[PDB]
């Protein structure tokens, strides 16, 4: 999983080192789109595929298949899969890679975090959900840890994967499901969102 700025060159390794001889296919999977063949027979670009997309050559043995994208544009942000066929290695039924190329087509944006405590209504219903709402961050990769008081909480945590909001920034949700007991007992609960090294952490308390 790698990020590059537009114009930068993306080199993507995938699969084991070559054993025998190979025909490596590359496929590009843009978010929501159908995948597309972008390289077959190690280096051959299908009709349509821009010269920016080069594949790695078959030999020497022990080579790692490598997709090179030069002069990267936004349209290149996708998952990239190699499908390796090696003469001395059985046919891969699972495409290697899934290496997510992120094209940083805009500057890093800090995540806005909103944290809602359990509603009374929810507690009345003998349930408790902490809602962490994360928005307007870029790139679209956050990490969300919950803390009861200051101890990390394993269970109850369901976090969405990020998703582009309309302003091309990303949004995410994390829910912490609790029993009303769990909630009423700890002095606080914290939604800690880590994005791009920095961390925002909201806290709520049953006393509200």
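Numbering follows the first chain given and starts at 1.
A.B. asks: Quick one: say whether 140-148 or 43-51 has the higher mean Cα B-factor in the deposited entry.
C.D. replies: Per the PDB entry, the higher value belongs to 43-51.
A.B. asks: Would you tell me which stretch averages the higher CA B-factor in the PDB entry, 54-62 or 166-174?
C.D. replies: Taking the mean B-factor of the alpha carbons in each, 54-62 is higher.
A.B. asks: Whose CA atom has the top B-factor in the entry, of 91, 129, 71, 112?
C.D. replies: Max CA B-factor in the entry, restricted to 91, 129, 71, 112: 71.
A.B. asks: Lowest, middle or highest third: where is residue 97 by Cα B-factor in its chain?
C.D. replies: It belongs to the middle third of the chain when residues are ordered by C-alpha B-factor.
A.B. asks: Please say which third, lowest, middle or highest, residue 25 falls into when its CA temperature factor is compared across its chain.
C.D. replies: For residue 25, whose C-alpha B-factor we compare with every modelled residue in the chain, the answer is the lowest third.
A.B. asks: Based on the deposited C-alpha B factors for this chain, I'd like to know if residue 118 is in the lowest, middle or highest third.
C.D. replies: Ranked within chain, residue 118 CA B lands in the lowest tercile.
A.B. asks: Which third, lowest, middle or highest, does the C-alpha temperature factor of residue 9 belong to within its own chain?
C.D. replies: For residue 9, whose C-alpha B-factor we compare with every modelled residue in the chain, the answer is the highest third.
A.B. asks: Split into thirds by Cα B-factor across the chain's modelled residues, where does residue 198 land: lowest, middle or highest?
C.D. replies: Residue 198: CA B-factor falls in the middle third of its chain.
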